[PDB]
Participant: 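Let me begin by handing over the structure; questions about it come next.
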Amino acid sequence: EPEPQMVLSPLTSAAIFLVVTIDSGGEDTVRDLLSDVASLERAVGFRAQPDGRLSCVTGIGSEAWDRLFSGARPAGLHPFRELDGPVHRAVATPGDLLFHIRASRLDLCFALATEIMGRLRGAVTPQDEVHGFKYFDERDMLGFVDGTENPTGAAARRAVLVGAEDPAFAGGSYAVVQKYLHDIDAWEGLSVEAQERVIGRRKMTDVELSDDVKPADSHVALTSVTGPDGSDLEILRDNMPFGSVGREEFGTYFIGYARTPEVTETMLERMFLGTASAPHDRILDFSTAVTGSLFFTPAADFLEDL
Amino acid sequence: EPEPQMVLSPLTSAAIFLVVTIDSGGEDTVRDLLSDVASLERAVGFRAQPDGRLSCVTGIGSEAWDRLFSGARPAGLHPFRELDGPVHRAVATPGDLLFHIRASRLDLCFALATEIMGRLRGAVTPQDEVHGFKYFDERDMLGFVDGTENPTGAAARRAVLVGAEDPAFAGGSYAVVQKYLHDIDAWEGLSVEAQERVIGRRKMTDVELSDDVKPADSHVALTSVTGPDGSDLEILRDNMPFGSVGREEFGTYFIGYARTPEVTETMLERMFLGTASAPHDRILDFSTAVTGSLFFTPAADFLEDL
Amino acid sequence: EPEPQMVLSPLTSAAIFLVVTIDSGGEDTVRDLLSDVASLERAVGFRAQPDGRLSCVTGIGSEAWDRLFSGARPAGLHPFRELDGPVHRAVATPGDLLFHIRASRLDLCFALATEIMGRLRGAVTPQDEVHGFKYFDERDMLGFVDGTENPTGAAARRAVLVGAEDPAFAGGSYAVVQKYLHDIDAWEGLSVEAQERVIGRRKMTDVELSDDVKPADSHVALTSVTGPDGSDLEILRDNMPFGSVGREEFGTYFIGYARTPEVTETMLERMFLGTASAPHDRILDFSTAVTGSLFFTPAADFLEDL
Amino acid sequence: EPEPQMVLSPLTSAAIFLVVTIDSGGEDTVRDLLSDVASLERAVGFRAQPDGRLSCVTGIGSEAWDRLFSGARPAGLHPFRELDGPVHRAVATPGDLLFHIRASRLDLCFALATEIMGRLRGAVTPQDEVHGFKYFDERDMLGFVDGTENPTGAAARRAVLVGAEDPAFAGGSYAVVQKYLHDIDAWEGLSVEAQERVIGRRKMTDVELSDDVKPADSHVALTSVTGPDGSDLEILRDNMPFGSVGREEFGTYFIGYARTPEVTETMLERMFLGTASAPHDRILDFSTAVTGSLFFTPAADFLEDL
Amino acid sequence: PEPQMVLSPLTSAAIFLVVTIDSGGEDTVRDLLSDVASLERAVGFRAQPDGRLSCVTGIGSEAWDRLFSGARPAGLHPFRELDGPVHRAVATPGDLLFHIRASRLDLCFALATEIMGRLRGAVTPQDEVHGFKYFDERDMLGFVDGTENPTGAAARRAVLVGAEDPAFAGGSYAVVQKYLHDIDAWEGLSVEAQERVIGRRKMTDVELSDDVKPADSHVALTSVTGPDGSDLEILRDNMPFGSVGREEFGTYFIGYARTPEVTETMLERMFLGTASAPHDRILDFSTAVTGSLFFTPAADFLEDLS
Amino acid sequence: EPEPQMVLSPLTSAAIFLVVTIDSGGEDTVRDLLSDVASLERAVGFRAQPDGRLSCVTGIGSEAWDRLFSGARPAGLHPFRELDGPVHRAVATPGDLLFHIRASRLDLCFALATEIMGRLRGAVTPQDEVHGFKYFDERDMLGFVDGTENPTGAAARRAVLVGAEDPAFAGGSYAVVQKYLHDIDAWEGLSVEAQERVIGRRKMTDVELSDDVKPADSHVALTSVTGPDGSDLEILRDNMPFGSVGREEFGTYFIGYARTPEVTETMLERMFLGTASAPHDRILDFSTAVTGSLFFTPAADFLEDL
Ligand code: HEM
Ligand code: HEM
Ligand code: HEM
Ligand code: HEM
């Protein structure tokens, strides 16, 4: 009845992230593609069963939603909110549609992106394209294991999927994306122990620092948030490394899924604006966000029903 | 909760299909084998975990049911209905038991089949034995990706498993088998574009032709059927290639699972007898059915407790 | 609702079994460690996604429970009961905590064990440590496939997890461990046929001997038990081989999970004390138990909510 | 500098053996296929780099040689010699061309066999086609590890490749094929220890029996032959299991390569005709030859030069 | 003389880096060249045995004169621009080539990062391409690409400098060209028409017969026979690359040869044509946007530098 | 040409090191086993083709050589020379035979060791048995990638095989073994930067430290040796981690192969006794040798010919 898209699925060794804007007069072409995206994913993906693990998660931005559909909107859908901190800024950049494409091989991702874009040619303008790759033992460009504390099982379901709070849109999710570029030269000037105090975990072994030693402005400290009832508010991250050596571009493509954007936005506010105990997240002293967009990823049957 | 046999499990790289008839006075031997087939599957399969993926699905034909069992019969169980179209015919051939054996390796299939047939020696007569193999990127002998639109998840369960409409047999399914031989000489004389018009999908990329270009007598058009309620009727297919180059035998072994045989039967009727828009399915111009049988595959517990 | 530990997960190619006692005054250090074991499991295991398959099952013994926790006790928790047969004895040995660590590679097991033992230094005393390895096609040191008749799916859940009969501890299980050393010299003086009569299955093919020829004092005969309800009583076994060639140590590390210890204890009594028709299990003529301990493995959330 | 065909390559998981005779008028078609066979092998094989390991060895029989080529003949090429022993017979059957096709997957073998036979349609009559498969840990249908004592490295080159003794044909080899069908019922009536005596090695562990225990009519004893120079005479065997359970067809497809047919013929004589100390090879009491043919497999460059 | 890894096969990932040496950057580059093999080992050893990381370093003609004082490789000269009537092969700056391959992109990226870290401020990047395997060794035109590469001793003879230039024995010459394809134009051809452009069957990769193969097909024009009569061969490690948003669908051409004359002869035939052919038809769908020639010295040459 | 044992082959994921002494009177049994060790290796190893990678290198100590054999001895065969430094000592411990067993899986190593020791029972006394395992990305227990600068190709052959300097023993090698235990508590007290100064390489990335920063008492500095004629003296190391968590045993099993013990001894003297610039190798401040033995590993044909 409420079949979600593959928002709960694990990290893979390859990804493509595509973000586009819909041109004036391109809505009908988009709606037609949306109704077919599941068929296209199967068309390509079936060629590589059992090990291909191809998926595509399609998201739709707030303004786009109003152009495409009449009737109810998801309760939490709004444009990404720019955060202008005293030192660091989280920019909002244009994006109407997100395609988060994952597989165990880049070819599958590329083949599917080709089919999607082929259908949208002349109706959309590309805003961003990133080809992500796994880096060693699930490391990011800063050299730390990245994704460790993601929720799993029932916990992930509860953290990520819209439920009875917005019944018309149950099985959907909200995705926030941000493309970060790192200052690798600066970061490499820190000792490993200083890097560990920025993140909040040991570098090689990935063991969390004890509470008596973890700084209040470490990344793990600032992105740990408790809800009304003492429980952790969780998001599901599918961050991937990307880059270009000749351009000195060493990045993290951030994508986080959550059942309400309020959770992800709380984490961002703490990072960028800081708290009474932390000026800002120290990870931002080595990381610049160059995109920022929010999407709603509907249940799969919503897109079919078109 | 009734425990199904492995009728929902995916395609594998190797398969053995075995169809036998039960000789007069063979019933007791067969019943004792039926009660042991799961333990035989584990005895062989356990040797190859975790990657062996050995399974065996056992089906029983309509006439055999009546020789083996007193009491309730599955509601949809009848002999395969011969279809004598104007040009093409779907023959009915004898078969009392089906063993649908799958694994990631042929040795495991062969070892299990050996143990089964050793127990049935003198009680059964073999009618058909086919050793199927994966062909490139999930292709069939016509060079097309085959299996793409199979249901998955909840949809597959709904489509395949008997439920409350026949509660004594909940968790069962119906399998139809047909062995097809292809005229490869004739097929390979067609252009790719002509072959695509026969199937209804692009050959290399496996993308479905749009509705405005897809012929009414293409295979995909004829095997797409909407139910009374406008709901699509679905089957689960585990087709495998087979052949012998020296005898010019290039085959598709068709096996389709469904909650009721009426669904599969409607598809065959459309293919063999045609519609208002189509004389018959053009695939049949290059494919000849040489067997045809219908089996019920009971819930696993049913076999266990007999 | 309650999340079990990974007690239902399959065999892997590597394991570490670590049994320790809690030293006088070690209680608080152990409680802090128990609250963090899942975190540690993730810290190490995430590095090896997706194929590492690291898990850790943590068990607590009867005496230790009382030292660590106030309030309710699991209903079936008691010290391992020594069985002093006429010929063979099942010894009870000290053990307060069990860590059953599994992965597809030993390095992941060793890394996690290192992190747990580093946190427990000064608070526990090691009692046994075994590094298990897969031996050919899931064989044990006697040369027989080992694990074949383990329950799977729903039958496993039913057989292993505590439910509404003890609702405060639902999602838990009971583990019994015994380290066995084999007399391989004596074993290898037996013909294959004689070995088959000891075990109750064919050696190469792992097919069960038929009821006609299966000895009453065979291993499989004695460990096949039914309730007064008539159903099979099942346990889940994760036995691993281990050894040292220079010391002539050829071993089977037995670990069996069950929803109540009574099931496993019944099997042990049949083995060591025999039945009307069998003096004891013949496997014990070639196998000596040198440890014996019983643990409760709580639901995951019990440990966390510490 | 002559380039051999892939006669020194290892065993693979899948094989196809194809034997055909050349029809009246078929010689030109055959010579054109021979000139292209390496190019066909690449055409198919490159699709599955790095792991497909596709190869084709092409052999030519004695009578066919003379129909296809003028000028010199290989020194040792003659028709297979039938051996009519007092109990068992090594039969000779027709065969002009051999294709020995190997890969890690059957699809590659089948695709190459399809391209080959497509070229040859109307010029050849198929005599035999077998699809071989790996059986557990390099076992044959008798349950023994099969291939152990094959030569490797320098020793294999010396044993298999024609050298200065026949310089115009240096880089070639001689292949003897025999299809054997086994009496599995008779074989399984022997204890394992009796089977071990027949073969001359331990069944499970593959360790050779000591000289003190090994019978003179054991298979290993009879196929161990020393030359006049005290030199061990060696062949390279690529035999594969095959079968059909319904037909009770459990087979060994024997293929042995050697630098001269006299080595292989000596072994056959010892097996079928026996020695002073053994009437015949006991393996033949459970194994019946139903084909026998001898081929020369030229250097790769010889075929290309056509 | 130890060659660099120019004979090694295709891998699933590659990075191609081309840089120019800034005025005054010569000493830094010499230093790096002396260390490139130690960097390769430093990264590569981490992923033994399946990483397959390699780096081949090439030096252009102008750079050679700037870096070294002694003799020049006899064939070393700037890439020769070809201005054909319709199509042009452009010559673009490039002093150093790093051709980095592995089974995973992370290893490629890590090594590139270390190389470029050492060169920062001494070199200017000219081109960086991240190549990926596309299905069954296909290129962006949908054809299997690499089939007729030489192997074994033929590859060695075709690719490595020998006695004809003894001071440079073990070296090779690499030509690179980055090509972008007009996929829209290409996809408007029938498959049959595309086959006539290439000269091989699309799906099966079988060469067209010499009757059917057009004179202006790519295979016909790149098939070159020397005075001798024997085929002139090169070794190609072409990789796909692209960007879907930018409509960039590319083939990164790299071809290795013992003398540049061979590759240059093929280029002349393609762009300038022959008696029979105005130009290679593949160029109607393919534009070269880079063109550079490099000498890749023996490994000992680079190790022995100041 | 003498055929070496597998002394040049790469590191594997699993290893067993077995060191025994020969009891008085066990010489004949030992000689018989030495003549069979290659047959035993094949017997087990063939079961796991193609990926088992099982090998066994057999070494003989100086005192043992003189008990087993008569006639000429290898020129550099002597007992391990104890090194009594001011601070650190390298002990000499008994060992007459070494079996260095490697495979991709421990079961294969264990099965072969079982067969070898089965044959030697009652003739030998075990002295050491270590079961080594790969640790992450080729790391040792100190957390550094270990094996990076091993020689490969021709350089490896030159460094490790006896040649014309001792022609009767050409194709042999010398192995030195030392079992090291590490003081992990002390090591973990160092910053990563301080550990890098002890080793001489970067910890995560395995890049060698610059010659300006690399300390003179770093491990890499002291084990880098040039000969009188300017050549680098190299050894081939197949070190493996081992340990036991409950005993707080974290080790490195050192094994180095070289064509003369003089190279390995020179390295050891520099480490333990120091140089004009370094008191001793800083690695020894965290590593204690607990065994030390020297073996000659003869050419394979020497063993076979006994
Ligand atoms: C510059 C970009 C980023 C990098 C390189 C990065 C890296 C990391 C690393 C290494 C960890 C620790 C291991 C783990 O549990 O994944 C972590 C944890 C986490 N990150 Fe980030 N991160 C980035 C941006 C973000 C952003 C933008 C958010 C939220 C809006 C976020 C939310 C989190 C959360 C919730 C955790 C888990 C904290 C916990 O409960 O322990 N991260 N990240
Ligand atoms: C010496 C230690 C042991 C060895 C080497 C061993 C070996 C085996 C083998 C080879 C089988 C047959 C294949 C399979 O179903 O797993 C088996 C079955 C079994 N074993 Fe054991 N076992 C040992 C100890 C135990 C112990 C201590 C128990 C219980 C307390 C146990 C309970 C079982 C059960 C329940 C079965 C399945 C019987 C059936 O239902 O068919 N085993 N074991
Ligand atoms: C757009 C750029 C190119 C593409 C997509 C391309 C594609 C192909 C394909 C599909 C084949 C047939 C299969 C094979 O043998 O690899 C082929 C063959 C070949 N190509 Fe190209 N190629 C390109 C550029 C070049 C260039 C620039 C050269 C030489 C300077 C070249 C030399 C060859 C050679 C020598 C063969 C083998 C011909 C034979 O002996 O059958 N290619 N290429
Ligand atoms: C105590 C335990 C030992 C440890 C943990 C260890 C560890 C290491 C490490 C991490 C490296 C750097 C990476 C590489 O392998 O190239 C290295 C290099 C080396 N080690 Fe050791 N080692 C040990 C003992 C020894 C011994 C006893 C010797 C010689 C007798 C030795 C000889 C070498 C050599 C020759 C190199 C390469 C130096 C170079 O040319 O860069 N090691 N070792």
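Numbering of ligands and ligand atoms starts at 1, following listing order. First the proteins, then the strands, lettered A, B, ... as listed; each starts at 1. Note: hydrogens, waters and symmetry copies are ignored here, and every other heavy atom, side chains too, is used.
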Participant: With a cut-off of 4.0 Å, which atoms of ligand 2 are near a heavy atom of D140(C)?
Facilitator: 5 (C), 7 (C), 10 (C)
Participant: Heavy atoms only: which of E148(E), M270(E), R236(E) is nearest to atom 36 (C) of ligand 3?
Facilitator: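 Ranked by closest heavy atom to atom 36 (C) of ligand 3, first place is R236(E).
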Participant: For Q178(C), take its heavy atoms, then give the atoms of ligand 2 lying under 4.0 Å from any of them.
Facilitator: 27 (C)
Participant: Do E268(E) and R80(E) meet the salt-bridge criterion of a basic N to acidic O distance under 4.0 Å?
Facilitator: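 Salt bridge flag = no for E268(E) with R80(E).
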Participant: For atom 2 (C) of ligand 3, find the nearest protein heavy atom and state the residue, atom name and distance (0.1 Å precision).
Facilitator: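 Its nearest protein heavy-atom neighbour is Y179(E) CD1, 3.7 Å.
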Participant: Counting N and O atoms only, with roles assigned by atom type, does the side chain of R201(E) sit under 3.5 Å from a partner on the main chain of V206(E), one being a donor and the other an acceptor?
Facilitator: no
Participant: Any donor and acceptor pair, going by atom type alone, linking the side chain of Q195(F) with main-chain N or O of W187(F) inside 3.5 Å?
Facilitator: yes
Participant: Of all the non-hydrogen atoms in the protein, which one sits nearest to atom 35 (C) of ligand 4, and at what distance?
Facilitator: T223(F) O, 3.5 Å
Participant: Where the side chain of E195(E) meets the backbone of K202(E), is there a donor-acceptor pair that is under 3.5 Å apart?
Facilitator: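 Side chain of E195(E) to backbone of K202(E): a pair is present.
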Participant: What atoms of ligand 2 come within less than 4.0 Å of a heavy atom belonging to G147(C)?
Facilitator: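 Under 4.0 Å from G147(C), ligand 2 has these atoms: 14 (C), 16 (O).
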Participant: Which bit of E208(F) is near ligand 4, meaning a heavy atom under 4.0 Å away: side chain, backbone, both or neither?
Facilitator: neither
Participant: Quick check on contacts: which atoms of ligand 2 are under 4.0 angstrom from a heavy atom of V145(C)?
Facilitator: 10 (C), 13 (C)
Participant: Show me which atoms of ligand 4 lie under 4.0 Å from any heavy atom of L268(F).
Facilitator: 27 (C), 30 (C)
Participant: Under 4.0 Å from a heavy atom of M267(F): give me the atoms of ligand 4 that qualify, with their elements.
Facilitator: 29 (C), 30 (C), 35 (C)
Participant: Under 4.0 Å from a heavy atom of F143(E): which atoms of ligand 3 are those, numbered in the order shown and with their elements?
Facilitator: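 Counting atoms of ligand 3 from 1, those under 4.0 Å from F143(E) are 10 (C).
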Participant: Decide yes or no for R269(E) and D280(E): does some side-chain heavy atom of the first lie under 4.5 Å from some side-chain heavy atom of the second?
Facilitator: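 Result no, sub-4.5 Å side-chain heavy-atom pair not found.
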Participant: Closer than 3.5 angstrom, by distance alone: can the side chain of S287(C) be matched with the main-chain N or O of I283(C) as a donor-acceptor pair?
Facilitator: yes
Participant: Of all the atoms in ligand 3, which lie at a distance below 4.0 Å from a heavy atom belonging to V219(E)?
Facilitator: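 The atoms of ligand 3 under 4.0 Å from a heavy atom of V219(E) are 41 (O).
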Participant: For atom 29 (C) of ligand 3, what is the nearest protein heavy atom, given as residue, atom name and distance?
Facilitator: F253(E) CZ, 3.7 Å
Participant: Which of the numbered atoms in ligand 2 are below 4.0 angstrom from a heavy atom of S287(C)?
Facilitator: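 Taking each heavy atom of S287(C) in turn, ligand 2 has 1 (C) under 4.0 Å.
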Participant: Within the structure, is a non-hydrogen atom of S223(E) found at a distance of less than 4.0 Å from ligand 3?
Facilitator: yes
Participant: If you define the side chain from C-beta out and look only at heavy atoms, does anything of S224(F) sit under 4.5 Å from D232(F)?
Facilitator: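 Answer no - side chains too far apart.
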Participant: Write out the residue and atom name of the closest protein heavy atom to atom 3 (C) of ligand 4, then the distance separating them to 0.1 Å.
Facilitator: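 For atom 3 (C) of ligand 4, the nearest protein heavy atom is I283(F) CD1, 3.9 Å.
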Participant: Any idea how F253(E) and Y179(E) line up, ring-wise: parallel (<30°), tilted (30 to 60°), or perpendicular (>60°)?
Facilitator: perpendicular
Participant: Can you check which of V176(F), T252(F), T148(F) brings a heavy atom nearest to atom 14 (C) of ligand 4?
Facilitator: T148(F)
Participant: Under 4.0 Å from ligand 2, counting heavy atoms only, is it the side chain of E234(C), its backbone, both or neither?
Facilitator: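 Looking at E234(C) and ligand 2, no heavy atom falls under 4.0 Å.
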Participant: Would a distance-only check, ignoring hydrogens and angles, find a side-chain to backbone donor-acceptor pair under 3.5 Å from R42(B) to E149(C)?
Facilitator: no
Participant: With heavy atoms only and a cut-off of under 4.0 Å, state how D146(F) meets ligand 4: side chain, backbone, both or neither.
Facilitator: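 Within the 4.0 Å criterion, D146(F) contacts ligand 4 through backbone and side-chain atoms alike.
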Participant: Heavy-atom distance under 4.5 Å between the side chains of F272(C) and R89(C), does that happen here?
Facilitator: no
Participant: For atom 1 (C) of ligand 3, find the nearest protein heavy atom and state the residue, atom name and distance (0.1 Å precision).
Facilitator: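 For atom 1 (C) of ligand 3, the nearest protein heavy atom is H181(E) CE1, 3.4 Å.
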Participant: Students should be able to answer this: which protein heavy-atom is nearest to atom 25 (C) of ligand 4, and at what distance?
Facilitator: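 Nearest protein contact, heavy atoms only, for atom 25 (C) of ligand 4 is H219(F) CE1, 3.5 Å.
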Participant: Only one of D145(E), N149(E), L10(E), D139(E) clears side chain to side chain contact (heavy atoms under 4.5 Å, CB included) with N238(E); which?
Facilitator: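 Running side chain to side chain contact (heavy atoms under 4.5 Å, CB included) over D145(E), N149(E), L10(E), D139(E) with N238(E) returns exactly one hit, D145(E).
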Participant: Spell out, as yes or no, whether a donor-acceptor pair under 3.5 Å connects the side chain of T148(C) to the backbone of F46(B).
Facilitator: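 A pair under 3.5 Å: no.
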Participant: So which atom in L294(C) and which in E265(C) form the shortest heavy-atom distance, rounded to 0.1 Å?
Facilitator: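 Of all heavy-atom pairs spanning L294(C) and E265(C), the closest is CD1-OE2, 3.6 Å.
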Participant: For ligand 2, which atoms sit closer than 4.0 Å to a heavy atom of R201(C)?
Facilitator: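 Atoms satisfying the 4.0 Å criterion: 12 (C), 13 (C).
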